[PDB]
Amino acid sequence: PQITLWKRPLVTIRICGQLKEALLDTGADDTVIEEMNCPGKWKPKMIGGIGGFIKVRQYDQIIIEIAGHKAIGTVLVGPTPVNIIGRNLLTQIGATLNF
């Protein structure tokens, strides 16, 4: 599909058996998902943005379906205000920026 940018580019995702809305985010290196009590091994990470850093849990090889497109990779879980699909999974679903 083609997504214009008049509004936030939000899509439905499925992760850890849950449906969520998430932002397709070309400005995020990594994918960050709002706090959820998920299983699996993880490593502590800190990620920085506008305002400073938040502490997150890094899970590897997490399967996510993004707008019907399957992806598998690193998902960071923590107190983000919005669910963010970053470049690590955008590349896997064939997403480009065009102008």
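Throughout, we count residues from 1 along the sequence that is shown.
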- Taking the recorded C-alpha temperature factors, which stretch has the higher mean, 50-58 or 36-44? 36-44
- Query: C-alpha B factor of residue 91, ranked within the chain: lowest, middle or highest third?
  - Reply: middle
- Message: How does the C-alpha B factor of residue 9 compare with the rest of the chain: lowest, middle or highest third?
- Response: lowest
- Query: Lowest, middle or highest third of the chain for the C-alpha temperature factor of residue 72?
  - Reply: middle
- Note on the structure: Of the three thirds of the chain ranked by Cα temperature factor, residue 16 occupies the highest
